Amino acid sequence: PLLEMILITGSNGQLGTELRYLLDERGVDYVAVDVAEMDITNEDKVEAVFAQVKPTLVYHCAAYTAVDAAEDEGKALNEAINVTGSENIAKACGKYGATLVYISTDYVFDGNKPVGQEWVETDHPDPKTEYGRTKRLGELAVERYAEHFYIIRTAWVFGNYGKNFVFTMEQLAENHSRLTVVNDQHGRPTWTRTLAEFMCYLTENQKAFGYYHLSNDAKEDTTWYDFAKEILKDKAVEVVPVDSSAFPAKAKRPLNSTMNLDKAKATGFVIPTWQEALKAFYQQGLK
């Protein structure tokens with residue numbers, strides 16, 4: 001009751017690493033676990049860590065995020081991590097009375113919203129990808145078992161501390177002169193630093209429990225193509241805009257998953273545009 005005790009799961013991924021370093025800057029202590037310390041798919045290992053740590057606040061950064069793979073070769077792994085693992089951590093948090101910050105996805109929505117319109121927290125999820133379906137089940141487990149929760153739906157996540165679309169683009173551009181990127185899937189990038197700061201803003205300021213949408217912002221419509229054009233603008237590659245029909249993709253990704261950020265902005269947190277965040281990401285990567 002008098003001591004805050006933070007646990008970070010998925011601590012060595014792009015978001016978990018970002019979050020560790022942010023807490024380190026703020027002089028905040030924590031216990032950090034990932035797959036080599038606490039397999040979230042094994043309820044007994046999860047219980048043993050919570051019994052030792054006795055957390056009051058858990059930032060759950062563990063997820064499976066390979067969308068195409070989740071439809072086929074990774075379908076079993078996607079389900080274990082996003083369904084079972086989410087349930088296990090939600091139940092552990094409820095047992096121990098811990099607040100759970102659960103990171104979810106814009107891919108819970110069906111994506112059938114005109115360009116220009118945006119998804120709000122109270123819209124009904126109806127995911128059409130296996131990844132999104134599993135993440136929605138995770139949300140439902142959190143709501144059932146963790147009385148004190150923040151579910152933060154984020155999008156298109158990138159940062160300096162793990163794999164993502166930015167590094168994929170840069171690697172491909174080293175050896176290939178032409179890349180084809182969809183220009184009919186609308187959404188917004190999210191820098192891990194902005195997301196980690198928002199996670200901490202909710203908890204530091206004890207905002208109302210519930211659901212919050214968080215991506216970086218944009219004044220104008222944004223597609224994957226727009227993001228890739230910007231990332232690669234200093235490279236000798238041509239980024240070619242294509243439609244989603246151009247090549248046979250395994251997952252039917254949402255055509256418009258742009259989130260309304262008004263609730264997040266109502267917290268007082270200030271959200272950079274994705275252009276600003278990308279620039280900051282490049283500067284932070286110099287260290």
# chains A, B, ... in the order shown; residues from 1 in each chain; ligands from 1

call {"tool": "residues_around", "arguments": {"residues": "residue A:94", "least_positions_apart": "4", "cutoff": "7 Å", "atoms": "only C-alpha atoms", "output": "list in words"}}
result
residues 90, 98, 145, 146 and 147 of chain A

call {"tool": "residues_around", "arguments": {"residues": "residue A:168", "least_positions_apart": "2", "cutoff": "12 Å", "atoms": "only C-alpha atoms", "output": "compact mmCIF listing (two decimals) with N, CA, C and O atoms, in the first residue's frame"}}
result
# COMPACT_ATOMS: atom_id res chain seq x y z
N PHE A 158 7.34 2.05 -34.06
CA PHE A 158 8.74 2.01 -34.43
C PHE A 158 9.58 2.67 -33.35
O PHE A 158 9.07 3.56 -32.65
N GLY A 159 10.85 2.33 -33.28
CA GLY A 159 11.79 3.00 -32.37
C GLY A 159 13.15 2.38 -32.52
O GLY A 159 13.36 1.45 -33.27
N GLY A 162 14.39 -2.01 -31.41
CA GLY A 162 14.02 -3.31 -31.92
C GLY A 162 13.58 -3.19 -33.36
O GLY A 162 13.69 -2.13 -33.96
N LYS A 163 13.17 -4.30 -33.93
CA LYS A 163 12.76 -4.38 -35.31
C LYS A 163 11.46 -3.64 -35.56
O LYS A 163 10.56 -3.64 -34.74
N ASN A 164 11.33 -3.07 -36.74
CA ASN A 164 10.15 -2.34 -37.14
C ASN A 164 10.22 -1.95 -38.63
O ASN A 164 11.23 -2.22 -39.29
N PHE A 165 9.18 -1.29 -39.09
CA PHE A 165 9.05 -0.87 -40.49
C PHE A 165 10.19 0.05 -40.92
O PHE A 165 10.65 -0.06 -42.07
N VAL A 166 10.63 0.94 -40.04
CA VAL A 166 11.71 1.84 -40.43
C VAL A 166 12.97 1.09 -40.75
O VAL A 166 13.60 1.29 -41.83
N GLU A 170 14.96 0.61 -44.35
CA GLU A 170 16.40 0.97 -44.51
C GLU A 170 17.20 -0.23 -44.97
O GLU A 170 18.08 -0.06 -45.85
N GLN A 171 16.92 -1.43 -44.44
CA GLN A 171 17.70 -2.56 -44.83
C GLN A 171 17.43 -2.89 -46.30
O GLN A 171 18.37 -3.18 -47.04
N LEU A 172 16.16 -2.87 -46.67
CA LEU A 172 15.83 -3.19 -48.09
C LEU A 172 16.49 -2.20 -49.07
O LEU A 172 16.92 -2.56 -50.13
N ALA A 173 16.52 -0.97 -48.67
CA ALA A 173 17.06 0.08 -49.51
C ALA A 173 18.54 -0.04 -49.75
O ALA A 173 19.09 0.48 -50.74
N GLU A 174 19.25 -0.74 -48.88
CA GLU A 174 20.68 -0.98 -49.13
C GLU A 174 21.02 -1.71 -50.37
O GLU A 174 22.08 -1.47 -50.94
N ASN A 175 20.13 -2.61 -50.77
CA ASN A 175 20.42 -3.51 -51.88
C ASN A 175 19.39 -3.48 -52.97
O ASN A 175 19.53 -4.23 -53.94
N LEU A 179 11.16 -0.08 -54.30
CA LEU A 179 10.32 -0.75 -53.25
C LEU A 179 8.91 -0.32 -53.44
O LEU A 179 8.61 0.85 -53.78
N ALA A 228 6.96 5.61 -45.65
CA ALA A 228 8.18 5.04 -46.32
C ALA A 228 8.90 6.10 -47.17
O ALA A 228 10.13 6.15 -47.18
N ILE A 231 10.87 8.20 -44.67
CA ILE A 231 11.97 7.49 -44.10
C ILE A 231 13.15 7.45 -45.09
O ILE A 231 14.31 7.60 -44.73
N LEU A 232 12.81 7.16 -46.38
CA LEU A 232 13.83 6.85 -47.37
C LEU A 232 14.24 8.04 -48.18
O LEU A 232 14.98 7.94 -49.34

call {"tool": "closest_residue", "arguments": {"among": "A:148, A:223, A:200, A:154", "to": "residue A:184", "atoms": "only C-alpha atoms"}}
result
A:223

call {"tool": "residues_around", "arguments": {"residues": "residue A:101", "least_positions_apart": "4", "cutoff": "10 Å", "atoms": "only C-alpha atoms", "output": "PyMOL selection string"}}
result
chain A and resi 8+57-61+90+142+146+148-152+199-200+202-203+209-211

call {"tool": "write_last_selection", "arguments": {"atoms": "N, CA and C atoms", "output": "PDB file, in the first residue's frame"}}
result
ATOM      1  N   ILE A   8       7.905  -4.654 -15.687  1.00  0.00           N
ATOM      2  CA  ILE A   8       7.773  -4.489 -17.144  1.00  0.00           C
ATOM      3  C   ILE A   8       7.911  -5.874 -17.736  1.00  0.00           C
ATOM      4  N   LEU A  57       2.087  -2.253 -10.255  1.00  0.00           N
ATOM      5  CA  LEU A  57       1.895  -1.612 -11.563  1.00  0.00           C
ATOM      6  C   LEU A  57       2.669  -2.472 -12.551  1.00  0.00           C
ATOM      7  N   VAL A  58       2.008  -2.901 -13.615  1.00  0.00           N
ATOM      8  CA  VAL A  58       2.608  -3.748 -14.634  1.00  0.00           C
ATOM      9  C   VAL A  58       2.415  -3.109 -15.978  1.00  0.00           C
ATOM     10  N   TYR A  59       3.547  -2.855 -16.675  1.00  0.00           N
ATOM     11  CA  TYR A  59       3.522  -2.390 -18.071  1.00  0.00           C
ATOM     12  C   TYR A  59       3.754  -3.589 -18.956  1.00  0.00           C
ATOM     13  N   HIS A  60       2.718  -4.040 -19.627  1.00  0.00           N
ATOM     14  CA  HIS A  60       2.761  -5.257 -20.451  1.00  0.00           C
ATOM     15  C   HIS A  60       3.133  -4.934 -21.885  1.00  0.00           C
ATOM     16  N   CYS A  61       4.386  -5.176 -22.200  1.00  0.00           N
ATOM     17  CA  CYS A  61       4.943  -4.875 -23.495  1.00  0.00           C
ATOM     18  C   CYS A  61       5.207  -6.135 -24.333  1.00  0.00           C
ATOM     19  N   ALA A  90      -3.242 -10.700 -17.156  1.00  0.00           N
ATOM     20  CA  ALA A  90      -4.448 -10.043 -16.577  1.00  0.00           C
ATOM     21  C   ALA A  90      -4.844 -10.734 -15.249  1.00  0.00           C
ATOM     22  N   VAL A 142      -8.250  -8.584 -20.175  1.00  0.00           N
ATOM     23  CA  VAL A 142      -7.860  -7.488 -19.283  1.00  0.00           C
ATOM     24  C   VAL A 142      -9.063  -6.895 -18.597  1.00  0.00           C
ATOM     25  N   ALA A 146      -8.547  -7.566 -14.671  1.00  0.00           N
ATOM     26  CA  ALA A 146      -7.828  -6.459 -14.036  1.00  0.00           C
ATOM     27  C   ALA A 146      -8.762  -5.299 -13.763  1.00  0.00           C
ATOM     28  N   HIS A 148      -8.144  -2.553 -12.312  1.00  0.00           N
ATOM     29  CA  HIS A 148      -7.464  -1.319 -12.553  1.00  0.00           C
ATOM     30  C   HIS A 148      -6.635  -1.497 -13.826  1.00  0.00           C
ATOM     31  N   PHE A 149      -7.067  -0.873 -14.924  1.00  0.00           N
ATOM     32  CA  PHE A 149      -6.394  -1.093 -16.208  1.00  0.00           C
ATOM     33  C   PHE A 149      -6.405   0.150 -17.055  1.00  0.00           C
ATOM     34  N   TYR A 150      -5.360   0.205 -17.902  1.00  0.00           N
ATOM     35  CA  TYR A 150      -5.332   1.114 -19.034  1.00  0.00           C
ATOM     36  C   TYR A 150      -5.063   0.259 -20.259  1.00  0.00           C
ATOM     37  N   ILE A 151      -5.955   0.290 -21.245  1.00  0.00           N
ATOM     38  CA  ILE A 151      -5.721  -0.413 -22.527  1.00  0.00           C
ATOM     39  C   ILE A 151      -5.417   0.686 -23.518  1.00  0.00           C
ATOM     40  N   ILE A 152      -4.204   0.665 -24.055  1.00  0.00           N
ATOM     41  CA  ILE A 152      -3.754   1.710 -24.988  1.00  0.00           C
ATOM     42  C   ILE A 152      -3.643   1.094 -26.329  1.00  0.00           C
ATOM     43  N   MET A 199       2.196   6.134 -21.715  1.00  0.00           N
ATOM     44  CA  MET A 199       1.979   5.097 -20.696  1.00  0.00           C
ATOM     45  C   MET A 199       2.264   5.669 -19.328  1.00  0.00           C
ATOM     46  N   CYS A 200       3.412   6.330 -19.181  1.00  0.00           N
ATOM     47  CA  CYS A 200       3.791   6.906 -17.898  1.00  0.00           C
ATOM     48  C   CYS A 200       2.962   8.089 -17.520  1.00  0.00           C
ATOM     49  N   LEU A 202      -0.285   8.479 -18.079  1.00  0.00           N
ATOM     50  CA  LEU A 202      -1.546   7.914 -17.517  1.00  0.00           C
ATOM     51  C   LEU A 202      -1.329   7.523 -16.057  1.00  0.00           C
ATOM     52  N   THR A 203      -0.238   6.809 -15.802  1.00  0.00           N
ATOM     53  CA  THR A 203      -0.004   6.303 -14.458  1.00  0.00           C
ATOM     54  C   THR A 203       0.484   7.387 -13.515  1.00  0.00           C
ATOM     55  N   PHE A 209      -9.204   5.004 -15.468  1.00  0.00           N
ATOM     56  CA  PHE A 209      -8.997   3.715 -16.064  1.00  0.00           C
ATOM     57  C   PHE A 209      -9.834   3.539 -17.315  1.00  0.00           C
ATOM     58  N   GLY A 210      -9.358   2.740 -18.241  1.00  0.00           N
ATOM     59  CA  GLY A 210     -10.112   2.428 -19.435  1.00  0.00           C
ATOM     60  C   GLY A 210      -9.246   2.435 -20.682  1.00  0.00           C
ATOM     61  N   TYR A 211      -9.924   2.650 -21.807  1.00  0.00           N
ATOM     62  CA  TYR A 211      -9.305   2.571 -23.105  1.00  0.00           C
ATOM     63  C   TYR A 211      -8.833   3.936 -23.619  1.00  0.00           C
TER      64      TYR A 211
END

call {"tool": "residues_around", "arguments": {"residues": "residue A:144", "least_positions_apart": "5", "cutoff": "12 Å", "atoms": "only C-alpha atoms", "output": "JSON, numbers by chain"}}
result
{"A": [86, 87, 88, 89, 90, 91, 93, 94, 100, 137, 138, 139, 149]}

call {"tool": "select_by_dssp", "arguments": {"residues": "stretch 2-210 of chain A", "states": "strand (DSSP E or B)", "output": "mmCIF file with N, CA, C and O atoms, in the first residue's frame"}}
result
data_model
loop_
_atom_site.group_PDB
_atom_site.id
_atom_site.type_symbol
_atom_site.label_atom_id
_atom_site.label_comp_id
_atom_site.auth_asym_id
_atom_site.auth_seq_id
_atom_site.Cartn_x
_atom_site.Cartn_y
_atom_site.Cartn_z
ATOM 1 N N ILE A 6 7.037 -1.603 -9.750
ATOM 2 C CA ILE A 6 6.757 -1.712 -11.155
ATOM 3 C C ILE A 6 7.407 -2.964 -11.733
ATOM 4 O O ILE A 6 8.579 -3.256 -11.497
ATOM 5 N N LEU A 7 6.621 -3.687 -12.545
ATOM 6 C CA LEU A 7 7.104 -4.805 -13.370
ATOM 7 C C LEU A 7 6.881 -4.434 -14.851
ATOM 8 O O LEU A 7 5.780 -4.013 -15.216
ATOM 9 N N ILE A 8 7.905 -4.654 -15.687
ATOM 10 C CA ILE A 8 7.773 -4.489 -17.144
ATOM 11 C C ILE A 8 7.911 -5.874 -17.736
ATOM 12 O O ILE A 8 8.911 -6.540 -17.508
ATOM 13 N N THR A 9 6.915 -6.303 -18.513
ATOM 14 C CA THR A 9 7.036 -7.541 -19.275
ATOM 15 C C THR A 9 7.359 -7.227 -20.725
ATOM 16 O O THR A 9 7.121 -6.102 -21.206
ATOM 17 N N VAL A 31 11.352 -3.868 -11.976
ATOM 18 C CA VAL A 31 11.842 -5.212 -12.360
ATOM 19 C C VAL A 31 11.436 -5.418 -13.807
ATOM 20 O O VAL A 31 10.300 -5.134 -14.185
ATOM 21 N N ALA A 32 12.381 -5.925 -14.601
ATOM 22 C CA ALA A 32 12.175 -6.115 -16.041
ATOM 23 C C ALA A 32 12.313 -7.584 -16.373
ATOM 24 O O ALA A 32 13.358 -8.166 -16.062
ATOM 25 N N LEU A 57 2.087 -2.253 -10.255
ATOM 26 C CA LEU A 57 1.895 -1.612 -11.563
ATOM 27 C C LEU A 57 2.669 -2.472 -12.551
ATOM 28 O O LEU A 57 3.867 -2.745 -12.329
ATOM 29 N N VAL A 58 2.008 -2.901 -13.615
ATOM 30 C CA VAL A 58 2.608 -3.748 -14.634
ATOM 31 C C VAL A 58 2.415 -3.109 -15.978
ATOM 32 O O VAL A 58 1.288 -2.777 -16.391
ATOM 33 N N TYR A 59 3.547 -2.855 -16.675
ATOM 34 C CA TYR A 59 3.522 -2.390 -18.071
ATOM 35 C C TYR A 59 3.754 -3.589 -18.956
ATOM 36 O O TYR A 59 4.866 -4.132 -19.009
ATOM 37 N N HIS A 60 2.718 -4.040 -19.627
ATOM 38 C CA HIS A 60 2.761 -5.257 -20.451
ATOM 39 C C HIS A 60 3.133 -4.934 -21.885
ATOM 40 O O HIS A 60 2.283 -4.510 -22.673
ATOM 41 N N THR A 99 -2.254 -2.547 -11.042
ATOM 42 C CA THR A 99 -2.734 -1.859 -12.248
ATOM 43 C C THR A 99 -2.039 -2.445 -13.432
ATOM 44 O O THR A 99 -0.819 -2.610 -13.416
ATOM 45 N N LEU A 100 -2.793 -2.730 -14.491
ATOM 46 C CA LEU A 100 -2.224 -3.308 -15.740
ATOM 47 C C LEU A 100 -2.353 -2.297 -16.880
ATOM 48 O O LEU A 100 -3.467 -1.866 -17.209
ATOM 49 N N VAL A 101 -1.222 -1.956 -17.467
ATOM 50 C CA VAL A 101 -1.181 -1.162 -18.702
ATOM 51 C C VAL A 101 -0.941 -2.150 -19.810
ATOM 52 O O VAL A 101 0.124 -2.806 -19.904
ATOM 53 N N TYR A 102 -1.971 -2.369 -20.660
ATOM 54 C CA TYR A 102 -1.961 -3.339 -21.733
ATOM 55 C C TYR A 102 -1.912 -2.594 -23.063
ATOM 56 O O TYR A 102 -2.759 -1.763 -23.329
ATOM 57 N N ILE A 103 -0.913 -2.919 -23.871
ATOM 58 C CA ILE A 103 -0.793 -2.315 -25.183
ATOM 59 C C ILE A 103 -1.520 -3.150 -26.215
ATOM 60 O O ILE A 103 -1.268 -4.332 -26.345
ATOM 61 N N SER A 104 -2.447 -2.507 -26.910
ATOM 62 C CA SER A 104 -3.226 -3.124 -27.958
ATOM 63 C C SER A 104 -3.037 -2.369 -29.276
ATOM 64 O O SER A 104 -2.021 -1.724 -29.461
ATOM 65 N N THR A 105 -3.978 -2.512 -30.200
ATOM 66 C CA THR A 105 -3.768 -2.177 -31.616
ATOM 67 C C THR A 105 -4.971 -1.569 -32.314
ATOM 68 O O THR A 105 -6.083 -1.898 -32.065
ATOM 69 N N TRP A 119 -11.379 6.317 -35.770
ATOM 70 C CA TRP A 119 -11.940 5.374 -34.785
ATOM 71 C C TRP A 119 -11.766 5.926 -33.337
ATOM 72 O O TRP A 119 -10.705 6.309 -32.940
ATOM 73 N N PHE A 149 -7.067 -0.873 -14.924
ATOM 74 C CA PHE A 149 -6.394 -1.093 -16.208
ATOM 75 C C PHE A 149 -6.405 0.150 -17.055
ATOM 76 O O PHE A 149 -7.309 0.964 -16.991
ATOM 77 N N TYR A 150 -5.360 0.205 -17.902
ATOM 78 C CA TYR A 150 -5.332 1.114 -19.034
ATOM 79 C C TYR A 150 -5.063 0.259 -20.259
ATOM 80 O O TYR A 150 -4.039 -0.432 -20.313
ATOM 81 N N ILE A 151 -5.955 0.290 -21.245
ATOM 82 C CA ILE A 151 -5.721 -0.413 -22.527
ATOM 83 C C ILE A 151 -5.417 0.686 -23.518
ATOM 84 O O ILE A 151 -6.259 1.567 -23.746
ATOM 85 N N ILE A 152 -4.204 0.665 -24.055
ATOM 86 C CA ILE A 152 -3.754 1.710 -24.988
ATOM 87 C C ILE A 152 -3.643 1.094 -26.329
ATOM 88 O O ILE A 152 -2.785 0.235 -26.552
ATOM 89 N N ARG A 153 -4.510 1.473 -27.274
ATOM 90 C CA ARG A 153 -4.432 0.957 -28.642
ATOM 91 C C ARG A 153 -3.470 1.845 -29.401
ATOM 92 O O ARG A 153 -3.676 3.066 -29.473
ATOM 93 N N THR A 154 -2.429 1.235 -30.000
ATOM 94 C CA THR A 154 -1.379 1.985 -30.715
ATOM 95 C C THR A 154 -1.269 1.402 -32.100
ATOM 96 O O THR A 154 -1.917 0.439 -32.476
ATOM 97 N N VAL A 157 4.132 0.798 -34.928
ATOM 98 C CA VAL A 157 5.072 1.195 -33.872
ATOM 99 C C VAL A 157 6.519 1.038 -34.355
ATOM 100 O O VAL A 157 6.905 0.018 -34.910
ATOM 101 N N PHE A 158 7.339 2.050 -34.061
ATOM 102 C CA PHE A 158 8.743 2.013 -34.429
ATOM 103 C C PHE A 158 9.581 2.674 -33.349
ATOM 104 O O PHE A 158 9.069 3.562 -32.649
ATOM 105 N N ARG A 178 14.198 -0.250 -56.033
ATOM 106 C CA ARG A 178 12.775 0.041 -56.115
ATOM 107 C C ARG A 178 12.027 -0.792 -55.054
ATOM 108 O O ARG A 178 12.162 -2.067 -55.057
ATOM 109 N N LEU A 179 11.157 -0.084 -54.300
ATOM 110 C CA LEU A 179 10.319 -0.751 -53.248
ATOM 111 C C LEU A 179 8.907 -0.316 -53.438
ATOM 112 O O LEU A 179 8.614 0.849 -53.777
ATOM 113 N N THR A 180 7.983 -1.257 -53.203
ATOM 114 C CA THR A 180 6.575 -1.007 -53.455
ATOM 115 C C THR A 180 5.840 -0.988 -52.101
ATOM 116 O O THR A 180 5.873 -2.008 -51.340
ATOM 117 N N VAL A 181 5.176 0.110 -51.810
ATOM 118 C CA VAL A 181 4.529 0.306 -50.480
ATOM 119 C C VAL A 181 3.105 0.734 -50.690
ATOM 120 O O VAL A 181 2.792 1.662 -51.471
ATOM 121 N N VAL A 182 2.174 0.048 -49.999
ATOM 122 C CA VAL A 182 0.750 0.378 -50.118
ATOM 123 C C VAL A 182 0.421 1.823 -49.787
ATOM 124 O O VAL A 182 0.845 2.381 -48.760
ATOM 125 N N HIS A 186 -4.542 3.409 -44.540
ATOM 126 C CA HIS A 186 -4.447 4.692 -43.853
ATOM 127 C C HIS A 186 -4.342 4.470 -42.356
ATOM 128 O O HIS A 186 -5.056 3.638 -41.811
ATOM 129 N N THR A 190 3.602 5.365 -34.820
ATOM 130 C CA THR A 190 3.775 5.661 -33.413
ATOM 131 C C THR A 190 5.210 5.351 -32.988
ATOM 132 O O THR A 190 5.691 4.215 -33.028
ATOM 133 N N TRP A 191 5.914 6.414 -32.556
ATOM 134 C CA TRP A 191 7.259 6.243 -32.008
ATOM 135 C C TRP A 191 7.156 5.639 -30.595
ATOM 136 O O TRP A 191 6.372 6.141 -29.775
ATOM 137 N N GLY A 210 -9.358 2.740 -18.241
ATOM 138 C CA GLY A 210 -10.112 2.428 -19.435
ATOM 139 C C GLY A 210 -9.246 2.435 -20.682
ATOM 140 O O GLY A 210 -8.040 2.192 -20.627
#

call {"tool": "atom_distance", "arguments": {"atom1": "atom CA of residue A:48", "atom2": "atom CA of residue A:64"}}
result
22.7 Å

call {"tool": "closest_residue", "arguments": {"among": "A:80, A:261, A:196, A:115", "to": "residue A:212", "atoms": "only C-alpha atoms"}}
result
A:261

call {"tool": "residues_around", "arguments": {"residues": "residue A:110", "least_positions_apart": "3", "cutoff": "10 Å", "atoms": "only C-alpha atoms", "output": "MDAnalysis selection string"}}
result
chainID A and resid 106:107 113 124:129 132 252:257

call {"tool": "closest_residue", "arguments": {"among": "A:216, A:245, A:222, A:183", "to": "residue A:274", "atoms": "only C-alpha atoms"}}
result
A:216

call {"tool": "select_by_dssp", "arguments": {"residues": "stretch 16-221 of chain A", "states": "alpha helix (DSSP H)", "output": "VMD selection string"}}
result
chain A and resid 16 to 25 43 to 53 67 to 70 75 to 79 86 to 96 130 to 145 165 to 175 192 to 204

call {"tool": "closest_residue", "arguments": {"among": "A:214, A:67, A:40, A:286", "to": "residue A:249", "atoms": "only C-alpha atoms"}}
result
A:67

call {"tool": "closest_residue", "arguments": {"among": "A:193, A:45, A:133, A:207", "to": "residue A:268", "atoms": "only C-alpha atoms"}}
result
A:207
